[PDB]
Amino acid sequence: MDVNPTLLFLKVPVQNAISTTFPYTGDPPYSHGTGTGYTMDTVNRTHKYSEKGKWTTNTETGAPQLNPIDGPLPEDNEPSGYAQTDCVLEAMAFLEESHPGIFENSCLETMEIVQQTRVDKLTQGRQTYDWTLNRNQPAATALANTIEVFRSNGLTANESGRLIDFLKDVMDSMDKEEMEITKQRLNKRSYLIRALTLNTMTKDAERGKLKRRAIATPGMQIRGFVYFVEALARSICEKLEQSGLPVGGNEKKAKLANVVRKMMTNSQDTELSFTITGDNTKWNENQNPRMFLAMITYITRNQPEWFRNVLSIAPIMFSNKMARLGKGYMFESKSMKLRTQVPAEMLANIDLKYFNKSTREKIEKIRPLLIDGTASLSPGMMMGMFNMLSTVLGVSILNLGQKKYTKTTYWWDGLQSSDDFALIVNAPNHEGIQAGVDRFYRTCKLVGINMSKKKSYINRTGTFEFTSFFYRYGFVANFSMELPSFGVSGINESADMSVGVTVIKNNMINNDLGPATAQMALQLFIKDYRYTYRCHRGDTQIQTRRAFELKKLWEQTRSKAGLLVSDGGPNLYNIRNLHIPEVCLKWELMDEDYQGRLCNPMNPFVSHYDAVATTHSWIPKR
Amino acid sequence: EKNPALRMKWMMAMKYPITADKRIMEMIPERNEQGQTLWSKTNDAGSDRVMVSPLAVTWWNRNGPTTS
Amino acid sequence: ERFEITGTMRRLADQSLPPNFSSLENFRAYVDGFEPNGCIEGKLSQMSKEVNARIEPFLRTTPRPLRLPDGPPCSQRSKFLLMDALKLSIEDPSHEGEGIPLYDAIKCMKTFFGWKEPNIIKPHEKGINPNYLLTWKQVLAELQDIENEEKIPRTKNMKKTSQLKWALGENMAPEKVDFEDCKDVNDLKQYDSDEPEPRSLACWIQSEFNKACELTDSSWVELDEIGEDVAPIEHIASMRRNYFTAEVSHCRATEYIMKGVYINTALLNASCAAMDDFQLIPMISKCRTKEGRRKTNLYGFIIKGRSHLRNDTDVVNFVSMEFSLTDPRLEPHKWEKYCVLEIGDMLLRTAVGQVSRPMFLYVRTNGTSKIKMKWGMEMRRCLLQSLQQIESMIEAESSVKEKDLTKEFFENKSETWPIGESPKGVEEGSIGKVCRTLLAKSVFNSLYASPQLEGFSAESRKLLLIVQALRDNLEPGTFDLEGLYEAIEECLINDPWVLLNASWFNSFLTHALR
Amino acid sequence: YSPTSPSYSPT
RNA sequence: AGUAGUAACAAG
Ligand SMILES: [Mg+2]
């Protein structure tokens, strides 16, 4: 007999044993070298889907800006960047109709959020691009540099503490004709090229992808506004039922039955219901910043002018953005045995006879965009963080699925969260099902939403997927979507326990770790923990340096259960305990003279997640 | 390496990976009764502290001052 | 509260508008006074009728088998031997913690007295074959040199000899020079970024995986205790878990899980501390026998080259000298990258006579990275995923009845699960076999991890889900079925593991559409 | 006899 | 050589 796990699906429904189609146990695909080549592909593709737009030259920047909006209505089933304003505005309008006041209220709740938000909020971010150094830096370090270079260039409105008042400094910085870094002074033309910058690196640790991708990170000028934009978008998405954001799996599981119920219970015996397991292709590259401006300006109708301006800035900055190329390329001399890293700036003016036939093609096509050796990307949304506001748009089409707006035999509802969606089409006959599917697909193409024909499929309502939640006649997945290392955390005996125990708890609440699996996670954690800190239970024969000391303590102690795992005690944790600090959990069980030492604040080890102050809370050498 | 987990494992394998105040040398004895050395005379390059073995932590918890 | 769009900022804002709106305040006016009037209805009637989502009906007839690439048979890329490995073993009734591996290894080596004058059998096509044989001789020799040393070393750093300098790639990279000092060179072109050379599915990758699902005579994992089962869920949890941990305890894949950890852990430590030393790292795993006594095993030795790792991607070269009874001349295509020696004769006295099989050594220059080593150390999550797959499968099949089917699942002692295929057709196995299989898969997903796999899994899943919808009688339809295939097959290049996982899909599809 | 882990010396 | 795969590592 030759084994073939795939043959399980003969007995088992794919949805049930779908857990078995994920290879997340070995190392992920990491990109080696420089993702400079991968960026130029993203730039050259973005400009291809928008080709037939109008080319402008920026007044401040001098960037070749392509605008595909209101462009030629596509004639093929290729990815269209040509979205229509009247169509996007109609969608927003018909949203405000179906959800009375949705924009009115969101604006009010977001205005409060604008007048509260501290500059502190910017520090809570990913590997941002610091214009102060022209380097990718920590979110906290990049802000501190910016506030300092802003303080020394006559801008301390951030001193008030509010983010809104920092954003004023960002506005006022654009005007100053020279900006000096502590000492290098750059003109207003070369500053704005730094403010409107997206730095690019290849994406490491990305599964379900053969070839690597080019992700981009923005400067600390844009960051501030995008938060406020996403706050408004969030405020709306909270009020929208078809939105899968920002809710957790707890509510998201329910949302699948919530929507299937609507389309099945209504439908009489003479009414077909087909669910399409959806996914949109080139999402980021095919949504134009001007459309998000167009959206925002419609949402902020009858709102204070200051509020409109604040939100309006992000998409304007994104519409005039410039993408840094990367680290560059490497060259190898087969005869002389040499190597050399050519920085990406020099791709502008360099021999084309050095590169190969495919890599030469990309270098040529991007050249006409190169200003300060940083290619401009006026269209598209190269890994933009408008995940929420992009959901508002997506939903606004699902909204147009009511018999009211279709005015036909067929109709639709669904779920949206950024690029991923799931749609149910109801109709009396098969022609209506097709006509409805076409209607949606085309109504999407009008707002630059290009459904992937490859990475999607349709079927009778009952089985489908949305954001990797595999639905089957009411039952939803219920397995772990990415597992962390359940090993030692690398702090100290007392801390590592409280961390590692909580880690497992959090995965059971959020990620949906199975109870039995959680117990094995605990089992594995304890194994690693005991091994690392040589704190094997006092009754074991295992031999470490600490063995004797623990053995003696175990021998002396009356209430064994009392002892911490750190002191050769037994592991008392289990699914119900994973939220109690070990010292608390084992408090009542301890020997008086034991805790009288363990907790004695007169200990030499401490100088002086839910931490408990013990002799275990020591500090490692450095 | 930069990974804390790996670092800790490497650390614990050394004889004296724990930092503690010089006062420990008066409180606890230099050697356990089997002979195992608990703390070292090596001074800390940063503060008024000395190098200590995880055995010291365990020793304090079985022989040490009982305060209610 | 005030916030105004300034001079420089206004001039930008005005350029970032839909075409023929030459001012922001101009545009805002249009938006503010916009009342919709069949704009979409009109633009749709306008737009091309070529643009649409035509529904290709998915019938039992429509799906063809996957297109497996043609070319040379795929080779072994696994860091260490799996089904081919051999162990020199000793009993360890010392209950010792982290006993010094060098000595465990020597004590193991001393148990065998069948060594020969090493002679090359299957030579490495592109390598200085005599260098390998020399390396093994140096290893053999330097382990004796210890025995006559005034003190005893805790770890042996090998002498940087001609052979070891070649096998580990000492000074085999081009020298980094600034562009100014080598700009005008005749053949200064970019690094070769070609397609991986396409290889055909060899029959051995299946044979390797078949032995992964095998049970052994030894207990390969020892998990620590947890608190008493009180809460209702905790009983079910510990029931599920204890059953699974029984079927998996003795599984060969579990030996691989430990083997990988024991190697990667030690390799990554030596990689950090002994950056410039050619450290000898012996390949050791420990297990409990049928009887219960502790047993220490040696699979061979790994000499690590220079380990200067700054990036997680940056590579460390090593040499995998591994003991084996497998004659390499049986499937020499598998051992493409390996140079195989004949390093002794073994004598086994069996109940059917005196068997005298010969002992080989699968020497091979290999590499790994910090990331690849780190994920080798965290191989035990294979058990967690493996258990997750069962737990989820039970959770589901139980939710329809609204009654936990755990005890029913395991206690049902009847071979019911389609799991393998013989020439007879699909063969049914037991939940026990299911567990071990689902583990083995998860292990090989770690051992043979590759973007090809990552991608194939992701795309094939889609087609797999489509196929199920057909079996559910849910009138399935695709939009671009061919496109889906092209995306799947794009990943089927040269990875034995991927090619097999593809073969399996074809195997399934055959029986799925019947 | 087990080709992976066979007994090569007597006891 | 070898890792690796659309560009890197084979120390600086
Ligand atoms: Mg989907």
# chains A, B, ... in the order shown; residues from 1 in each chain; ligands from 1

$ residues_near_ligand --ligand "ligand 1" --cutoff "9 Å" --atoms "only C-alpha atoms (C1' of nucleotides) and all ligand atoms" --output "list in words"
residues 276, 277, 278, 279, 280, 419, 420, 421, 422, 455, 456, 464, 465, 466, 467, 468 and 469 of chain A

$ write_last_selection --atoms "C-alpha atoms" --output "PDB file, in the first residue's frame"
ATOM      1  CA  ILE A 276     -19.391  32.710  -5.425  1.00  0.00           C
ATOM      2  CA  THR A 277     -16.182  32.101  -3.357  1.00  0.00           C
ATOM      3  CA  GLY A 278     -14.695  35.469  -4.395  1.00  0.00           C
ATOM      4  CA  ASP A 279     -11.263  37.170  -4.669  1.00  0.00           C
ATOM      5  CA  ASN A 280     -10.348  40.446  -6.529  1.00  0.00           C
ATOM      6  CA  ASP A 419      -9.728  42.573  -1.755  1.00  0.00           C
ATOM      7  CA  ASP A 420     -11.436  39.366  -0.406  1.00  0.00           C
ATOM      8  CA  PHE A 421     -15.273  39.140  -0.829  1.00  0.00           C
ATOM      9  CA  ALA A 422     -18.052  36.479  -0.942  1.00  0.00           C
ATOM     10  CA  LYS A 455      -8.697  32.500  -7.943  1.00  0.00           C
ATOM     11  CA  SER A 456     -12.558  32.404  -7.684  1.00  0.00           C
ATOM     12  CA  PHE A 464     -17.996  28.664   0.383  1.00  0.00           C
ATOM     13  CA  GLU A 465     -14.929  30.517   1.848  1.00  0.00           C
ATOM     14  CA  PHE A 466     -14.394  34.157   3.021  1.00  0.00           C
ATOM     15  CA  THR A 467     -11.043  35.353   4.568  1.00  0.00           C
ATOM     16  CA  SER A 468     -10.114  31.606   5.033  1.00  0.00           C
ATOM     17  CA  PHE A 469     -13.326  30.705   6.981  1.00  0.00           C
TER      18      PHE A 469
END

$ residues_around --residues "region 33-46 of chain B" --least-positions-apart "3" --cutoff "10 Å" --atoms "only C-alpha atoms (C1' of nucleotides)" --output "compact mmCIF listing (two decimals) with N, CA and C atoms, in the first residue's frame"
# COMPACT_ATOMS: atom_id res chain seq x y z
N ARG A 545 22.98 20.81 36.58
CA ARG A 545 23.73 21.48 37.67
C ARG A 545 22.76 21.77 38.83
N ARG A 546 21.53 22.19 38.51
CA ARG A 546 20.52 22.66 39.50
C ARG A 546 19.85 21.46 40.19
N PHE A 548 20.49 18.89 42.24
CA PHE A 548 20.64 18.63 43.69
C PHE A 548 19.81 19.65 44.49
N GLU A 549 20.02 20.94 44.21
CA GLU A 549 19.34 22.08 44.89
C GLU A 549 17.83 21.87 44.86
N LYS A 621 22.72 38.43 32.67
CA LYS A 621 23.98 39.16 32.34
C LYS A 621 23.92 39.62 30.87
N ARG A 622 24.57 40.75 30.56
CA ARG A 622 24.54 41.37 29.20
C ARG A 622 25.91 41.98 28.89
N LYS B 15 27.98 28.98 33.87
CA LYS B 15 27.98 28.69 35.33
C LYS B 15 27.24 29.80 36.09
N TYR B 16 27.51 31.07 35.79
CA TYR B 16 26.96 32.25 36.51
C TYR B 16 26.31 33.22 35.53
N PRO B 17 25.07 32.94 35.05
CA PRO B 17 24.38 33.84 34.12
C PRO B 17 23.49 34.92 34.76
N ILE B 18 23.32 34.90 36.09
CA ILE B 18 22.38 35.81 36.81
C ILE B 18 23.17 36.91 37.53
N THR B 19 22.69 38.15 37.45
CA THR B 19 23.23 39.36 38.14
C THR B 19 22.46 39.57 39.45
N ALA B 20 23.16 39.84 40.55
CA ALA B 20 22.58 40.12 41.89
C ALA B 20 23.52 41.00 42.71
N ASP B 21 22.97 41.72 43.70
CA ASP B 21 23.68 42.72 44.54
C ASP B 21 24.78 42.03 45.36
N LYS B 22 25.89 42.73 45.59
CA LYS B 22 27.09 42.26 46.33
C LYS B 22 26.69 41.67 47.69
N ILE B 24 24.52 39.61 48.57
CA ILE B 24 24.25 38.14 48.46
C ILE B 24 25.39 37.33 49.10
N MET B 25 26.63 37.81 48.97
CA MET B 25 27.87 37.13 49.43
C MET B 25 27.88 36.99 50.96
N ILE B 28 24.10 34.34 51.60
CA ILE B 28 24.18 32.89 51.22
C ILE B 28 25.65 32.46 51.14
N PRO B 29 25.97 31.17 51.40
CA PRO B 29 27.35 30.69 51.32
C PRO B 29 27.82 30.55 49.87
N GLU B 30 29.13 30.58 49.65
CA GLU B 30 29.76 30.51 48.30
C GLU B 30 29.51 29.13 47.68
N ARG B 49 27.18 44.95 41.71
CA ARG B 49 26.59 43.58 41.66
C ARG B 49 27.70 42.55 41.38
N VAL B 50 27.38 41.26 41.57
CA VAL B 50 28.31 40.10 41.37
C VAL B 50 27.59 39.05 40.51
N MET B 51 28.34 38.06 40.01
CA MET B 51 27.80 36.97 39.15
C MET B 51 27.32 35.81 40.03
N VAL B 52 26.13 35.28 39.71
CA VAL B 52 25.36 34.31 40.54
C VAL B 52 24.79 33.21 39.62
N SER B 53 24.76 31.97 40.14
CA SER B 53 24.26 30.75 39.45
C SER B 53 22.79 30.54 39.82
N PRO B 54 21.95 30.03 38.89
CA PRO B 54 20.53 29.81 39.18
C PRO B 54 20.29 28.94 40.42
N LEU B 55 21.29 28.15 40.83
CA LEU B 55 21.27 27.32 42.06
C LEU B 55 21.03 28.21 43.28
N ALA B 56 21.54 29.45 43.26
CA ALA B 56 21.40 30.45 44.34
C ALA B 56 19.92 30.74 44.59
N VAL B 57 19.15 30.95 43.51
CA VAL B 57 17.68 31.21 43.55
C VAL B 57 17.03 30.08 44.35
N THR B 58 17.28 28.84 43.93
CA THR B 58 16.72 27.60 44.53
C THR B 58 17.17 27.49 45.99
N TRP B 59 18.46 27.75 46.27
CA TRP B 59 19.04 27.66 47.63
C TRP B 59 18.31 28.62 48.58

$ closest_atom_pairs --of "chain C" --to "chain E" --cutoff "9 Å" --atoms "only C-alpha atoms (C1' of nucleotides)" --output "JSON lines"
{"residue": "C:126", "atom": "CA", "partner": "E:1", "partner_atom": "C1'", "distance": 6.7}
{"residue": "C:127", "atom": "CA", "partner": "E:1", "partner_atom": "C1'", "distance": 5.5}
{"residue": "C:128", "atom": "CA", "partner": "E:1", "partner_atom": "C1'", "distance": 7.8}
{"residue": "C:166", "atom": "CA", "partner": "E:1", "partner_atom": "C1'", "distance": 7.4}
{"residue": "C:167", "atom": "CA", "partner": "E:1", "partner_atom": "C1'", "distance": 6.7}
{"residue": "C:168", "atom": "CA", "partner": "E:2", "partner_atom": "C1'", "distance": 7.8}
{"residue": "C:169", "atom": "CA", "partner": "E:10", "partner_atom": "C1'", "distance": 6.1}
{"residue": "C:170", "atom": "CA", "partner": "E:10", "partner_atom": "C1'", "distance": 7.9}
{"residue": "C:171", "atom": "CA", "partner": "E:10", "partner_atom": "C1'", "distance": 7.8}
{"residue": "C:172", "atom": "CA", "partner": "E:10", "partner_atom": "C1'", "distance": 6.1}
{"residue": "C:173", "atom": "CA", "partner": "E:10", "partner_atom": "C1'", "distance": 5.2}
{"residue": "C:174", "atom": "CA", "partner": "E:10", "partner_atom": "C1'", "distance": 8.7}
{"residue": "C:191", "atom": "CA", "partner": "E:7", "partner_atom": "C1'", "distance": 6.8}
{"residue": "C:192", "atom": "CA", "partner": "E:7", "partner_atom": "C1'", "distance": 7.8}
{"residue": "C:193", "atom": "CA", "partner": "E:6", "partner_atom": "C1'", "distance": 4.9}
{"residue": "C:194", "atom": "CA", "partner": "E:6", "partner_atom": "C1'", "distance": 6.1}
{"residue": "C:195", "atom": "CA", "partner": "E:6", "partner_atom": "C1'", "distance": 6.7}
{"residue": "C:196", "atom": "CA", "partner": "E:5", "partner_atom": "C1'", "distance": 6.1}
{"residue": "C:306", "atom": "CA", "partner": "E:11", "partner_atom": "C1'", "distance": 7.9}
{"residue": "C:307", "atom": "CA", "partner": "E:11", "partner_atom": "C1'", "distance": 8.2}
{"residue": "C:308", "atom": "CA", "partner": "E:11", "partner_atom": "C1'", "distance": 5.8}
{"residue": "C:309", "atom": "CA", "partner": "E:11", "partner_atom": "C1'", "distance": 8.4}
{"residue": "C:313", "atom": "CA", "partner": "E:9", "partner_atom": "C1'", "distance": 7.4}
{"residue": "C:314", "atom": "CA", "partner": "E:9", "partner_atom": "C1'", "distance": 5.0}
{"residue": "C:315", "atom": "CA", "partner": "E:9", "partner_atom": "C1'", "distance": 5.2}
{"residue": "C:316", "atom": "CA", "partner": "E:3", "partner_atom": "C1'", "distance": 8.0}
{"residue": "C:317", "atom": "CA", "partner": "E:2", "partner_atom": "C1'", "distance": 7.0}
{"residue": "C:318", "atom": "CA", "partner": "E:2", "partner_atom": "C1'", "distance": 8.7}
{"residue": "C:337", "atom": "CA", "partner": "E:2", "partner_atom": "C1'", "distance": 8.7}
{"residue": "C:364", "atom": "CA", "partner": "E:2", "partner_atom": "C1'", "distance": 8.7}
{"residue": "C:365", "atom": "CA", "partner": "E:2", "partner_atom": "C1'", "distance": 5.5}
{"residue": "C:366", "atom": "CA", "partner": "E:2", "partner_atom": "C1'", "distance": 5.4}
{"residue": "C:367", "atom": "CA", "partner": "E:3", "partner_atom": "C1'", "distance": 4.3}
{"residue": "C:368", "atom": "CA", "partner": "E:3", "partner_atom": "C1'", "distance": 6.3}
{"residue": "C:369", "atom": "CA", "partner": "E:3", "partner_atom": "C1'", "distance": 8.5}

$ select_by_dssp --residues "region 99-136 of chain A" --states "strand (DSSP E)" --output "VMD selection string"
chain A and resid 128 to 130 135 to 136

$ interface_residues --of "chain C" --to "chain B" --cutoff "9 Å" --atoms "only C-alpha atoms" --output "ChimeraX atom specification"
/C:269,272,310

$ write_last_selection --atoms "C-alpha atoms" --output "PDB file, in the first residue's frame"
ATOM      1  CA  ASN C 269      24.659  27.043  18.427  1.00  0.00           C
ATOM      2  CA  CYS C 272      27.049  31.415  16.559  1.00  0.00           C
ATOM      3  CA  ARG C 310      24.502  38.616   9.728  1.00  0.00           C
TER       4      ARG C 310
END

$ closest_residue --among "A:408, A:281, A:556, A:25" --to "residue 443 (chain C)" --atoms "only C-alpha atoms"
A:25

$ closest_residue --among "A:226, A:164, A:236, A:497" --to "chain C" --atoms "only C-alpha atoms"
A:164

$ atom_distance --atom1 "CA of residue 582 (chain A)" --atom2 "CA of residue 498 (chain A)"
7.2 Å

$ closest_residue --among "C:296, C:406, C:457, C:216" --to "residue 4 (chain D)" --atoms "only C-alpha atoms"
C:216

$ interface_residues --of "chain C" --to "chain D" --cutoff "12 Å" --atoms "only C-alpha atoms" --output "MDAnalysis selection string"
chainID C and resid 81:90 110:114 211 216:218 252 255 289 295:299 322:327 345:359

$ write_last_selection --atoms "C-alpha atoms" --output "compact mmCIF listing (two decimals), in the first residue's frame"
# COMPACT_ATOMS: atom_id res chain seq x y z
CA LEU C 81 19.02 10.89 5.33
CA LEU C 82 15.49 9.68 6.32
CA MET C 83 14.68 6.04 5.24
CA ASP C 84 18.37 5.34 4.28
CA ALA C 85 20.05 6.45 7.59
CA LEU C 86 21.87 3.93 9.88
CA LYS C 87 22.47 4.28 13.69
CA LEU C 88 25.35 3.15 15.95
CA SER C 89 23.59 2.91 19.38
CA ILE C 90 24.45 2.55 23.13
CA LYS C 110 33.40 2.04 19.64
CA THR C 111 30.37 -0.40 19.47
CA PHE C 112 31.24 -1.21 15.77
CA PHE C 113 34.35 -3.22 14.65
CA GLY C 114 33.61 -3.76 10.90
CA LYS C 211 8.46 4.76 5.85
CA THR C 216 8.84 1.86 15.18
CA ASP C 217 9.86 -0.35 18.18
CA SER C 218 11.06 2.81 20.10
CA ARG C 252 9.01 7.03 12.41
CA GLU C 255 12.18 10.07 15.03
CA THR C 289 13.27 0.90 23.69
CA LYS C 295 19.08 4.40 24.16
CA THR C 296 21.51 6.95 22.49
CA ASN C 297 21.94 6.79 18.64
CA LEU C 298 24.61 8.13 16.17
CA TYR C 299 23.52 8.57 12.45
CA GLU C 322 25.89 9.76 7.33
CA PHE C 323 25.96 5.95 7.92
CA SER C 324 23.65 3.84 5.66
CA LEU C 325 23.08 0.19 4.53
CA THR C 326 21.28 1.43 1.31
CA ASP C 327 23.36 0.52 -1.82
CA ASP C 345 30.97 -4.50 6.42
CA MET C 346 28.20 -5.35 8.99
CA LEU C 347 27.44 -8.95 10.19
CA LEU C 348 23.80 -9.72 11.28
CA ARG C 349 23.10 -13.30 12.56
CA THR C 350 19.36 -13.82 11.70
CA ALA C 351 17.05 -16.89 12.23
CA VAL C 352 17.34 -17.63 8.41
CA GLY C 353 21.21 -17.54 8.45
CA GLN C 354 24.29 -15.23 8.58
CA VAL C 355 23.56 -11.96 6.63
CA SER C 356 26.66 -9.84 5.73
CA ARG C 357 25.40 -6.46 4.37
CA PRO C 358 28.01 -3.72 3.61
CA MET C 359 28.12 -0.29 5.42

$ atom_distance --atom1 "CA of residue 101 (chain C)" --atom2 "CA of residue 14 (chain B)"
17.0 Å

$ closest_atom_pairs --of "chain A" --to "chain E" --cutoff "9 Å" --atoms "only C-alpha atoms (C1' of nucleotides)" --output "tab-separated table"
residue	atom	partner	partner_atom	distance
A:31	CA	E:7	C1'	8.2
A:32	CA	E:8	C1'	4.7
A:33	CA	E:8	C1'	4.0
A:34	CA	E:7	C1'	6.5
A:35	CA	E:7	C1'	8.2
A:37	CA	E:6	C1'	9.0
A:211	CA	E:6	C1'	7.6
A:212	CA	E:6	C1'	8.9
A:329	CA	E:7	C1'	8.2
A:330	CA	E:7	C1'	8.0

$ residues_around --residues "residue 183 (chain A)" --least-positions-apart "2" --cutoff "12 Å" --atoms "only C-alpha atoms (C1' of nucleotides)" --output "list in words"
residues 132, 133, 149, 152, 153, 179, 180, 181, 185 and 186 of chain A

$ write_last_selection --atoms "C-alpha atoms" --output "tab-separated table (two decimals), in the first residue's frame"
chain	number	residue	atom	x	y	z
A	132	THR	CA	15.50	62.34	8.46
A	133	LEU	CA	18.00	59.51	7.52
A	149	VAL	CA	14.31	68.24	12.94
A	152	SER	CA	15.13	72.92	14.91
A	153	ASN	CA	13.39	74.12	11.64
A	179	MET	CA	14.94	72.04	5.57
A	180	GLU	CA	18.19	71.25	7.53
A	181	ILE	CA	19.11	67.86	9.19
A	185	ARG	CA	20.22	71.73	4.29
A	186	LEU	CA	17.93	70.63	1.36

$ interface_residues --of "chain A" --to "chain B" --cutoff "10 Å" --atoms "only C-alpha atoms" --output "PyMOL selection string"
chain A and resi 487-493+496+528-529+531-535+544-557+563+566-568+592-607+614-622

$ atom_distance --atom1 "CA of residue 500 (chain A)" --atom2 "CA of residue 525 (chain A)"
6.9 Å

$ select_by_dssp --residues "chain B" --states "alpha helix (DSSP H)" --output "list in words"
residues 4, 5, 6, 7, 8, 9, 10, 11, 12, 13, 24, 25, 26, 27, 54, 55, 56, 57, 58, 59, 60, 61 and 62 of chain B

$ decode --residues "region 69-80 of chain C" --atoms "N, CA, C and O atoms" --output "mmCIF file, in the first residue's frame"
data_model
loop_
_atom_site.group_PDB
_atom_site.id
_atom_site.type_symbol
_atom_site.label_atom_id
_atom_site.label_comp_id
_atom_site.auth_asym_id
_atom_site.auth_seq_id
_atom_site.Cartn_x
_atom_site.Cartn_y
_atom_site.Cartn_z
ATOM 1 N N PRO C 69 6.035 18.085 -14.831
ATOM 2 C CA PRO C 69 7.123 18.394 -15.757
ATOM 3 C C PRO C 69 7.980 17.169 -16.101
ATOM 4 O O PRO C 69 8.123 16.296 -15.251
ATOM 5 N N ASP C 70 8.522 17.149 -17.324
ATOM 6 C CA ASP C 70 9.429 16.088 -17.838
ATOM 7 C C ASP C 70 10.879 16.553 -17.671
ATOM 8 O O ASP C 70 11.103 17.784 -17.609
ATOM 9 N N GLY C 71 11.808 15.598 -17.587
ATOM 10 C CA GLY C 71 13.254 15.863 -17.467
ATOM 11 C C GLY C 71 13.968 14.799 -16.639
ATOM 12 O O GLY C 71 13.496 13.669 -16.537
ATOM 13 N N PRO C 72 15.133 15.127 -16.034
ATOM 14 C CA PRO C 72 15.860 14.182 -15.190
ATOM 15 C C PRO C 72 15.110 13.913 -13.887
ATOM 16 O O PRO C 72 14.446 14.803 -13.359
ATOM 17 N N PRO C 73 15.180 12.683 -13.327
ATOM 18 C CA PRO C 73 14.582 12.406 -12.022
ATOM 19 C C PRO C 73 15.095 13.385 -10.956
ATOM 20 O O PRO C 73 16.264 13.729 -10.997
ATOM 21 N N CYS C 74 14.210 13.815 -10.049
ATOM 22 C CA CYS C 74 14.516 14.734 -8.917
ATOM 23 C C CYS C 74 15.474 14.044 -7.944
ATOM 24 O O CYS C 74 15.443 12.807 -7.876
ATOM 25 N N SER C 75 16.284 14.825 -7.228
ATOM 26 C CA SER C 75 17.335 14.336 -6.298
ATOM 27 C C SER C 75 16.904 14.560 -4.846
ATOM 28 O O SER C 75 15.870 15.227 -4.626
ATOM 29 N N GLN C 76 17.671 14.008 -3.900
ATOM 30 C CA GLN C 76 17.467 14.206 -2.442
ATOM 31 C C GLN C 76 18.057 15.563 -2.048
ATOM 32 O O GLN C 76 19.259 15.775 -2.310
ATOM 33 N N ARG C 77 17.237 16.438 -1.456
ATOM 34 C CA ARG C 77 17.650 17.789 -0.986
ATOM 35 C C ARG C 77 17.535 17.877 0.543
ATOM 36 O O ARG C 77 18.078 18.850 1.104
ATOM 37 N N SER C 78 16.884 16.906 1.198
ATOM 38 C CA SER C 78 16.773 16.815 2.681
ATOM 39 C C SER C 78 18.174 16.902 3.290
ATOM 40 O O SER C 78 19.090 16.251 2.743
ATOM 41 N N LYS C 79 18.323 17.661 4.379
ATOM 42 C CA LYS C 79 19.636 17.979 5.007
ATOM 43 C C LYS C 79 20.310 16.681 5.465
ATOM 44 O O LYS C 79 21.538 16.536 5.248
ATOM 45 N N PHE C 80 19.529 15.765 6.039
ATOM 46 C CA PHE C 80 19.987 14.433 6.519
ATOM 47 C C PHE C 80 19.149 13.332 5.864
ATOM 48 O O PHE C 80 18.027 13.623 5.399
#
